[PDB]
Every structure is written in C-alpha cells, then in structure tokens.
Amino acid sequence: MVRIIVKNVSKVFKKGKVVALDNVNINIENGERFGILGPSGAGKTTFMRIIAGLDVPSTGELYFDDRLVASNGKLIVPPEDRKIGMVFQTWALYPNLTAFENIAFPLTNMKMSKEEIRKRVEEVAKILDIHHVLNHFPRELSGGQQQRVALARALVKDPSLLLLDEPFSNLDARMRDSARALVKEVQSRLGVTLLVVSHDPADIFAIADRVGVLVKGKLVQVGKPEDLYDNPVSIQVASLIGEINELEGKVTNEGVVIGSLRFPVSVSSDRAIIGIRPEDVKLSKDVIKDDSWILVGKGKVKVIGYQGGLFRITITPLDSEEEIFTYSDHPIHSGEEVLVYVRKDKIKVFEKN
Ligand SMILES: Nc1ncnc2c1ncn2[C@@H]1O[C@H](COP(=O)(O)OP(=O)(O)O)[C@@H](O)[C@H]1O
Ligand SMILES: [Mg+2]
C-alpha cells in the first residue's frame with residue numbers, strides 16, 4: 001500500500017567513527033514483500049529503525065510514496081504519523097495484560113471510544129484467529145498464539161507498512177515454517193508493504209520476492225532470490241545466500257588450476273576464487289557421457305556424512321587440501337578416487353583480493 005524510497009541514506013555513530021549505513025539506495029514497491037539479508041552488525045536494525053522513524057539518516061533522504069519523511073539528520077514525519085506496524089527482535093507482550101489489552105494498548109491515545117476500541121481489536125483478532133483467546137494472558141498462550149497476538153498488535157491501527165526485525169527467533173523449526181507461512185497469509189489478507197530483515201537465508205527464500213544483501217553498512221546487491229543465488233556479485237554474497245564450495249586457484253591458459261582439478265573459467269588476475277554449489281557437483285567412478293556435466297579432473301573421497309536422509313560426501317583433488325562437498329542418495333567410501341564433474345554454466349568465479 002506504500003512505496004518506500006531510500007535515497008543515499010547513511011548513518012553514523014560514535015561521532016562519525018562508525019559508519020553503520022553507507023550510501024544505501026533502494027526503492028521498495030507498494031505491496032511488495034521485501035527482505036534484507038546480512039550478518040550480525042551489518043546494519044539491519046539501524047536500517048529498520050530509520051524506516052520506522054525511530055531514527056533518521058545522518059545524510060540522505062527517505063520518502064513514503066511522494067512524502068518526504070526524513071532528510072539529512074532531520075525527522076520530517078514522525079513515526080506515529082507514518083502508518084507502520086512493527087515486530088522487532090526484542091519484541092515482548094506485556095505479561096500482565098491480557099491478549100485484548102496488549103492489542104488495544106496502541107489505541108490508547110487514538111481518540112477512540114471504548115466501543116470503537118473493542119470493535120477494532122476484535123476485527124484484527126479474528127483475522128489472526130485469536131479472537132477466542134482474547135481474555136488469556138500471554139503465559140496462557142502457545143508460542144504460535146503469542147506471535148499472532150504480536151502481529152495483531154502491530155496491525156491494530158491499520159498500517160500500510162509492516163516491519164519485521166528477525167521475528168522468528170522465539171521459534172524452533174516446526175514453528176518457523178508456520179510463522180513464516182502466517183506472515184505471508186497476513187500480508188495477502190491486508191495488502192501491506194512488507195519489509196523483513198534477518199541473518200537467516202531461510203527466512204528470505206520463504207517470504208521475500210525481492211532481497212537486498214547488506215554487508216558492513218553497504219547494500220552490495222539487490223535482486224530476486226534466485227538471481228542472488230545464481231549470479232552473486234561476490235563470493236561473500238554467494239555463501240550468505242546459500243551453501244557453496246569456495247576454492248582458490250591459479251589462473252592459466254587452461255583455466256583455474258586447483259591440484260588435479262581444472263575449471264574452464266577465467267579472471268583477469270593472477271589467482272581466482274572458484275564458487276561451486278553442492279548441487280552442481282557430481283562424482284563418478286566412470287566417465288559420464290552427458291553433455292550437461294563437465295569433467296574437471298580426478299578427486300579422492302576424504303570423509304562422508306549422513307543427515308536429512310542424504311549422504312554428504314567430501315572430497316579433495318589429488319595434491320590439494322581444498323575441500324569440495326556434495327550431497328547424494330548413495331555413499332562413496334573414503335579413500336576412493338573418483339571423477340569430479342560440474343555444471344559448467346554454474347561455476348562461479350571471482351578475482352582474488
Ligand atoms: N545506537 C548505537 N550506538 C552506537 N553504535 C550503534 C548503535 N546502534 C547500532 N550501532 C552500530 O552500528 C552497526 C550496525 O548495527 P545494527 O544495525 O544493530 O546491526 P544488525 O541489526 O545488522 O546486527 C554496529 O556496529 C553497531 O554497533
Ligand atoms: Mg539487528
């Protein structure tokens with residue numbers, strides 16, 4: 001319901017010594033599910049606080065649709081005036097207030113009569129399917145119900161934008177699938193623009209249609225999840241977005257040499273970083289007569305693992321310590337020599353520092 005325009009936004013702390021956000025540019029579309037992925041300290045929370053209006057850019061500007069809301073250290077439209085709902089990592093329900101009371105809290109100063117408050121609370125409660133537990137205290141609620149109450153609370157003032165800062169922390173994994181699914185359902189039910197930030201790539205593929213990767217204050221790449229996955233701008237982005245084998249090698253006329261392996265790609269540097277995802281590796285004791293797979297050389301199985309019903313096979317090239325792992329339905333025992341194949345169009349390559 002609202003477009004978020006971030007133009008050259010920077011944010012400094014410690015009187016300038018720390019640059020938490022550096023020249024961030026991004027246009028989030030109205031009604032879009034947008035995600036930001038980045039390691040601890042990347043500046044995710046700082047970013048979300050600026051969007052919320054709890055902080056302002058040191059330099060640069062922020063627009064909601066065509067409305068300027070903050071500019072170069074100045075707050076133009078305060079948080080209470082932005083039509084935003086928030087669930088932050090530190091979020092907590094007031095333990096001594098019922099579910100009703102928690103959801104109603106934000107309406108305290110909204111000039112609504114008792115009946116208008118009740119109606120609004122019950123309406124959102126129904127949407128989140130917790131109308132029947134409105135009289136419960138948070139301790140009487142399941143983990144799933146607690147999140148539903150927090151969401152209802154964030155949505156009670158009918159916002160155009162919902163902000164989630166690493167919300168799926170209190171959950172495990174069965175609960176994580178459900179919580180993610182709930183976020184998407186609610187976004188569809190209301191049409192809100194959605195921004196979720198996390199250090200967990202699972203949260204991103206699960207919820208966001210477009211994602212920005214944040215590293216040390218810099219937004220290094222923006223695109224659809226699959227675009228970041230297949231065409232990462234760096235080896236660091238490549239591994240942040242998913243599992244990958246990282247290999248260092250020498251660039252030569254034949255390609256990037258790594259022990260007994262030779263990758264048919266190149267960079268304009270002395271050495272290169274090779275990135276190859278597990279699904280893009282295939283091991284075989286015989287030559288594979290299949291054009292979609294490319295032989296890179298001989299390898300040797302170093303160790304095998306088992307998890308999630310699959311075997312994790314780790315090899316090294318001959319005359320190298322570099323590791324390459326991949327998953328398979330069948331095991332190959334350690335010490336065995338094998339042929340290593342890769343999906344050539346899937347080899348990722350970067351100049352080395
Ligand atoms: N109010 C603060 N005072 C000083 N430094 C801060 C403050 N808030 C954030 N920072 C610093 O800015 C950087 C980014 O912080 P943050 O946005 O919280 O990262 P993230 O949420 O991605 O883990 C960190 O180095 C952090 O220490
Ligand atoms: Mg944070």
# chains A, B, ... in the order shown; residues from 1 in each chain; ligands from 1

call {"tool": "residues_around", "arguments": {"residues": "residue 197 in chain A", "least_positions_apart": "2", "cutoff": "8 Å", "atoms": "only C-alpha atoms", "output": "ChimeraX atom specification"}}
result
/A:35-37,44-45,48,164-166,195,199

call {"tool": "residues_around", "arguments": {"residues": "residue 243 in chain A", "least_positions_apart": "6", "cutoff": "9 Å", "atoms": "only C-alpha atoms", "output": "PyMOL selection string"}}
result
chain A and resi 276-278

call {"tool": "closest_residue", "arguments": {"among": "A:156, A:196, A:75, A:274", "to": "ligand 1", "atoms": "only C-alpha atoms and all ligand atoms"}}
result
A:196

call {"tool": "select_by_dssp", "arguments": {"residues": "range 119-296 of chain A", "states": "strand (DSSP E or B)", "output": "PyMOL selection string"}}
result
chain A and resi 161-165+193-198+210-215+218-223+245-252+255-258+261-263+271-276+281-284+294-296

call {"tool": "residues_around", "arguments": {"residues": "residue 103 in chain A", "least_positions_apart": "5", "cutoff": "8 Å", "atoms": "only C-alpha atoms", "output": "short mmCIF file (atom, residue, chain, number, x, y, z; two decimals) with N, CA and C atoms, in the first residue's frame"}}
result
data_model
loop_
_atom_site.label_atom_id
_atom_site.label_comp_id
_atom_site.auth_asym_id
_atom_site.auth_seq_id
_atom_site.Cartn_x
_atom_site.Cartn_y
_atom_site.Cartn_z
N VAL A 121 -10.14 -4.11 17.94
CA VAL A 121 -9.40 -5.24 18.49
C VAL A 121 -10.01 -6.58 18.05
N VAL A 149 -0.69 -12.71 18.53
CA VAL A 149 -1.05 -11.54 19.33
C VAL A 149 -0.13 -10.38 19.01
N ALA A 150 1.17 -10.65 18.86
CA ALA A 150 2.10 -9.58 18.50
C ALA A 150 1.78 -9.00 17.12
N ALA A 152 -1.24 -9.02 15.60
CA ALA A 152 -2.49 -8.29 15.75
C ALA A 152 -2.21 -6.91 16.33
N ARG A 153 -1.31 -6.87 17.31
CA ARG A 153 -0.92 -5.61 17.93
C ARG A 153 -0.27 -4.67 16.91
N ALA A 154 0.59 -5.20 16.06
CA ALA A 154 1.26 -4.37 15.07
C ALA A 154 0.29 -3.88 13.99
N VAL A 156 -3.13 -3.24 14.53
CA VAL A 156 -4.36 -2.69 15.08
C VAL A 156 -4.74 -1.30 14.58
#

call {"tool": "residues_around", "arguments": {"residues": "range 80-92 of chain A", "least_positions_apart": "3", "cutoff": "8 Å", "atoms": "only C-alpha atoms", "output": "list in words"}}
result
residues 52, 53, 77, 150, 151, 154, 155, 157, 158, 159, 160, 161, 162, 163, 164, 165, 166, 167 and 169 of chain A

call {"tool": "write_last_selection", "arguments": {"atoms": "N, CA, C and O atoms", "output": "compact mmCIF listing (two decimals), in the first residue's frame"}}
result
# COMPACT_ATOMS: atom_id res chain seq x y z
N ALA A 52 11.19 3.04 10.21
CA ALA A 52 10.13 3.20 11.19
C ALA A 52 9.97 4.65 11.64
O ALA A 52 8.88 5.08 11.99
N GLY A 53 11.07 5.39 11.63
CA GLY A 53 11.08 6.77 12.07
C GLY A 53 11.61 6.90 13.49
O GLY A 53 11.56 7.98 14.09
N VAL A 77 8.47 13.54 9.12
CA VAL A 77 7.21 12.92 9.51
C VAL A 77 7.55 11.90 10.60
O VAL A 77 8.24 10.92 10.34
N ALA A 150 1.17 -10.65 18.86
CA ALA A 150 2.10 -9.58 18.50
C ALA A 150 1.78 -9.00 17.12
O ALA A 150 1.90 -7.79 16.92
N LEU A 151 1.37 -9.85 16.19
CA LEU A 151 1.02 -9.38 14.84
C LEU A 151 -0.24 -8.54 14.87
O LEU A 151 -0.31 -7.48 14.25
N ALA A 154 0.59 -5.20 16.06
CA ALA A 154 1.26 -4.37 15.07
C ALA A 154 0.29 -3.88 13.99
O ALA A 154 0.53 -2.88 13.33
N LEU A 155 -0.83 -4.56 13.84
CA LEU A 155 -1.76 -4.23 12.77
C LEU A 155 -3.03 -3.52 13.23
O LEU A 155 -3.89 -3.20 12.42
N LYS A 157 -3.74 -0.51 14.20
CA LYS A 157 -4.01 0.83 13.65
C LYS A 157 -4.09 0.85 12.12
O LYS A 157 -3.93 1.89 11.51
N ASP A 158 -4.33 -0.31 11.50
CA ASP A 158 -4.49 -0.35 10.04
C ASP A 158 -3.32 0.28 9.26
O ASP A 158 -3.52 1.16 8.44
N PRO A 159 -2.10 -0.19 9.49
CA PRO A 159 -0.92 0.39 8.82
C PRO A 159 -0.83 0.01 7.35
O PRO A 159 -1.50 -0.93 6.93
N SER A 160 -0.01 0.73 6.59
CA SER A 160 0.25 0.44 5.19
C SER A 160 1.55 -0.38 5.05
O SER A 160 1.80 -1.00 4.02
N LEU A 161 2.37 -0.34 6.09
CA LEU A 161 3.67 -0.99 6.10
C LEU A 161 3.88 -1.83 7.36
O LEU A 161 3.64 -1.38 8.48
N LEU A 162 4.35 -3.06 7.18
CA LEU A 162 4.67 -3.91 8.32
C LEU A 162 6.16 -4.22 8.33
O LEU A 162 6.72 -4.68 7.33
N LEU A 163 6.81 -3.96 9.46
CA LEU A 163 8.25 -4.17 9.61
C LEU A 163 8.57 -5.31 10.57
O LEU A 163 8.13 -5.31 11.71
N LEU A 164 9.36 -6.26 10.10
CA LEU A 164 9.76 -7.41 10.92
C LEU A 164 11.26 -7.46 11.05
O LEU A 164 11.98 -7.61 10.07
N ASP A 165 11.75 -7.35 12.28
CA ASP A 165 13.17 -7.42 12.53
C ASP A 165 13.53 -8.73 13.22
O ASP A 165 13.39 -8.86 14.44
N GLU A 166 13.97 -9.71 12.44
CA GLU A 166 14.36 -11.02 12.97
C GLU A 166 13.33 -11.56 13.95
O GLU A 166 13.67 -11.91 15.07
N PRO A 167 12.10 -11.67 13.49
CA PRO A 167 10.95 -12.04 14.32
C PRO A 167 10.89 -13.52 14.71
O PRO A 167 10.43 -13.82 15.82
N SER A 169 12.64 -15.68 16.09
CA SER A 169 13.74 -16.09 16.98
C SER A 169 13.25 -17.00 18.09
O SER A 169 13.94 -17.94 18.48

call {"tool": "select_by_dssp", "arguments": {"residues": "range 87-297 of chain A", "states": "helix (DSSP H, G or I)", "output": "VMD selection string"}}
result
chain A and resid 99 to 107 114 to 127 131 to 133 138 to 140 143 to 155 174 to 190 201 to 207 225 to 230 235 to 241 278 to 280

call {"tool": "residues_near_ligand", "arguments": {"ligand": "ligand 1", "cutoff": "6 Å", "atoms": "only C-alpha atoms and all ligand atoms", "output": "ChimeraX atom specification"}}
result
/A:13-14,20,40-46

call {"tool": "closest_residue", "arguments": {"among": "A:285, A:120, A:49, A:15", "to": "ligand 2", "atoms": "only C-alpha atoms and all ligand atoms"}}
result
A:49

call {"tool": "residues_around", "arguments": {"residues": "residue 69 in chain A", "least_positions_apart": "5", "cutoff": "12 Å", "atoms": "only C-alpha atoms", "output": "PyMOL selection string"}}
result
chain A and resi 4-7+50-57+60-64+74-83

call {"tool": "residues_around", "arguments": {"residues": "residue 28 in chain A", "least_positions_apart": "2", "cutoff": "7 Å", "atoms": "only C-alpha atoms", "output": "list in words"}}
result
residues 3, 4, 5, 26, 30, 32 and 34 of chain A

call {"tool": "atom_distance", "arguments": {"atom1": "CA of residue 293 in chain A", "atom2": "CA of residue 343 in chain A"}}
result
5.0 Å

call {"tool": "closest_residue", "arguments": {"among": "A:200, A:22, A:323, A:65", "to": "ligand 2", "atoms": "only C-alpha atoms and all ligand atoms"}}
result
A:200

call {"tool": "closest_residue", "arguments": {"among": "A:272, A:18, A:340, A:253", "to": "residue 296 in chain A", "atoms": "only C-alpha atoms"}}
result
A:340

call {"tool": "residues_around", "arguments": {"residues": "range 184-190 of chain A", "least_positions_apart": "2", "cutoff": "8 Å", "atoms": "only C-alpha atoms", "output": "number ranges by chain"}}
result
A: 127-128, 180-182, 192-194, 207

call {"tool": "closest_residue", "arguments": {"among": "A:66, A:254, A:336, A:345", "to": "residue 304 in chain A", "atoms": "only C-alpha atoms"}}
result
A:336
